[PDB]
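Q: Chains as they are written, first to last, in this note's numbering: chain X, 1 to 9; chain U, 1001 to 1424.
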Amino acid sequence: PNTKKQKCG
Amino acid sequence: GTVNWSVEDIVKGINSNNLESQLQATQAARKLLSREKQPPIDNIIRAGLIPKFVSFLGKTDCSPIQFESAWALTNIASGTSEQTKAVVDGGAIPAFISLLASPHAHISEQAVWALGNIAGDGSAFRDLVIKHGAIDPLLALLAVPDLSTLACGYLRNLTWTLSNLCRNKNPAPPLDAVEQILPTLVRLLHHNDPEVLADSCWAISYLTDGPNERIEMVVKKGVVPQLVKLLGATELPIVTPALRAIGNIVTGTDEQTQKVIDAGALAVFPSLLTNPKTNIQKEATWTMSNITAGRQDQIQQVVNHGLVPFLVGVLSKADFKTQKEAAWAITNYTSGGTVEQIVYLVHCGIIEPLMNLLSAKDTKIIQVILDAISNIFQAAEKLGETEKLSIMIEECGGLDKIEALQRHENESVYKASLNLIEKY
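(1) Does the beta carbon of U:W1071 come closer than 8 Å to any beta carbon on chain X?
(2) Report yes if the CB atom of U:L1162 is closer than 8 Å to the CB atom of U:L1141, and no otherwise.
(3) Taking one C-beta from the region 1311-1331 of chain U and one from the region 1279-1296 of chain U each time, how about it: are there three or more such pairs within less than 8 Å?
(4) Near U:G1398, which residues of its chain fall below 6 Å by C-beta distance, leaving aside the five closest residues on each side in sequence?
(5) Excluding five sequence neighbours on each side, which residues of the same chain lie with their C-beta closer than 6 Å to the C-beta of U:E1068?
(6) Do you know how far the Cα of U:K1388 is from the Cα of U:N1375?
(7) Measure how close the beta-carbons of U:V1224 and U:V1260 come, nearest whole angstrom, since I'm counting them as under 8 Å.
(8) Can you pull the chain X neighbours of U:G1120, defined as C-beta to C-beta under 7 Å?
(9) If distances are taken between C-alpha atoms only, which option among U:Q1367, U:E1394, U:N1192, U:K1052 comes closest to U:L1155?
(10) Please report the residue range of the alpha helix (DSSP H) in which U:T1251 lies.
(11) Run down chain X in chain order and give the residues with a C-beta less than 8 Å from the C-beta of U:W1005.
(12) Give the secondary structure of U:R1156 by DSSP, where H, G and I count as helix, E and B as strand, and everything else as coil.
(13) Measuring alpha carbon to alpha carbon, tell me which residue in U:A1047, U:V1007, U:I1350, U:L1418 is nearest U:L1032.
(14) Less than 8 Å separating the beta-carbons of U:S1102 and U:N1170?
(15) From the DSSP output, in three-state form, read off U:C1348 for me.
(16) Tell me the rounded alpha-carbon separation between U:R1046 and U:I1065.
(17) Does chain X have any CB closer than 8 Å to the CB of U:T1251?
(18) Would the beta-carbon of U:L1165 fall within 8 Å of that of U:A1119?
(19) Find the nearest neighbour of U:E1216 within the set U:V1196, U:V1239, U:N1248, judged by alpha-carbon distance.
(20) Spatial neighbours of U:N1212 within its chain, please: CB distance less than 6 Å, with the 5 preceding and 5 following residues excluded, ordered by chain position.
(21) Between U:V1112 and U:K1037, what straight-line distance do the alpha-carbon atoms span, to the nearest angstrom?
(22) U:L1207 and U:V1196 - do their beta-carbons sit closer together than 8 Å?
(23) Please report whether the beta-carbon of U:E1036 lies at a distance below 8 Å from any beta-carbon of chain X.
(24) Here's the rule: buried if 16 or more other CB atoms are within 10 angstroms of the residue's CB, otherwise exposed. What is U:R1407?
(25) Give the residues from the region 1136-1164 of chain U that approach chain X closer than 8 Å (Cβ to any Cβ), ordered along the chain.
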């Protein structure tokens, strides 16, 4: 599971 | 328009003292930072923009610049720990927490996302987010009669960010924070969205990864039956965390392990122990090993659910990592089991696949196997039947392997190997 997420849209 | 601006131009617009020129440049920064191919996070930080972006979070009369700056800061904070720290050091935690109450749901959601990135850096930033008071307002966004009235994406982000507030160790989250979050978390775990269910299970998995008192906080909220249901899901992103959580709970007390058994978890292990995903098989066998370390009446329930043939199967053919957990599960079974339980193992075919693994390299598995063989022989004696087992071990070519084990670096192997050849 991802610790961090970039918002791309 | 706001596409492909230079950092130079972003800086000119943000420094212009015209709020509308600052907005266009912040948008242009947001689009640069939105790029999947190496976003220029470090260039933006070096240009000195974080403190301006943080001040823009507070411009209640210009909600579009609140949104754009929240999005740019979310994506700076999505980077390395140094990049997240730049965001924290600019004052962004209290400013994002104030935005949780924004009447604009897209802005509230962006603040949820940023606080998730910040808390996901590690336990110190997680705890700093908690100390600034983030839990009360996050939980208030979820205090609705029916979760289904919220937008799907908003619910998923809120769940994901709550899961990061449950995550990490050294230290584990503060106890009062966990108690405050759990009731809402248990509601999300009964929701119908697969991404919400998966992230809820990951959160429970984090909370049960610790001492038996952490497990108990969770178990006492009644989640084990829902975990067992989820353990049977079709979607592997749900099974994987459901299984981690169940596996964590059975590292606890015999009574906590019994809650898992009572809820029906053993009936799912025929599928789990044959699952085509190697990681599921492996985690399922590991969980079995902490159940066969339980009481004899718990071992008996393993037997009753028909799981001993499934462990034989894994020993016979599986990934080598899975086979080793199977060896552990068997050694624990032989160590705690009754004589009747132990002989049943031989009737199910355990010997031949055990021996064929003695030809492995990892010295540990040999020690685990040899401990099981010894425990089995000791059960044979109690029945007066050691010769019959000795023959078995011979007709499958076990002795051959056992003898050569005396020729092993870890003299413990050499010690046990020889001792068995002796008495039998």
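Note that CB positions come from ideal geometry on N, CA and C, so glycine has one too.
A: By the coordinates alone:
(1) Chain X contact via Cβ: present.
(2) The answer is no: Cβ separation not under 8 Å.
(3) With a cut-off of 8 Å, the region 1279-1296 of chain U and the region 1311-1331 of chain U count as touching, because enough Cβ pairs lie within range.
(4) Contacts found: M1355.
(5) If you ignore the 5 residues before and after U:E1068, its C-beta comes within less than 6 Å of the C-beta of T1026, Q1027, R1030, all in its own chain and listed in chain order.
(6) Rounded to whole angstroms, U:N1375 and U:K1388 show a C-alpha spacing of 15 Å.
(7) Contact between U:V1224 and U:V1260 holds: CB atoms are separated by about 6 Å, below the 8 Å threshold.
(8) Correct list: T3, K4.
(9) Considering only U:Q1367, U:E1394, U:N1192, U:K1052, the residue with the shortest C-alpha distance to U:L1155 is U:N1192.
(10) It is not in any alpha helix (DSSP H) - U:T1251 carries neither H nor E in the DSSP assignment.
(11) Neighbours of U:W1005 on chain X: none; closest Cβ ~18 Å, over 8 Å.
(12) DSSP, reduced to helix, strand and coil, places U:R1156 within a helical segment of the structure shown.
(13) Relative to the Cα of U:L1032, the nearest Cα in the group U:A1047, U:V1007, U:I1350, U:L1418 belongs to U:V1007.
(14) Not a contact, by the Cβ cut-off of 8 Å.
(15) U:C1348: coil per DSSP, three-state reduction.
(16) Taking the straight line from one Cα to the other gives about 21 Å.
(17) Not an interface residue.
(18) In this structure, U:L1165 places its C-beta atom within 8 Å of the C-beta atom of U:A1119.
(19) Closest option to U:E1216, Cα to Cα, is U:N1248.
(20) If we look at U:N1212 and ignore the five residues flanking it on each side, its Cβ neighbours are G1252, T1253.
(21) Straight-line spacing of the CA atoms in U:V1112 and U:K1037 works out to 24 Å.
(22) Taking 8 Å as the Cβ cut-off, U:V1196 and U:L1207 do not qualify as a contacting pair.
(23) So, interface residue.
(24) Burial call: exposed.
(25) Listed by position, the residues of the region 1136-1164 of chain U near chain X (Cβ gap below 8 Å) are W1160, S1163, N1164.
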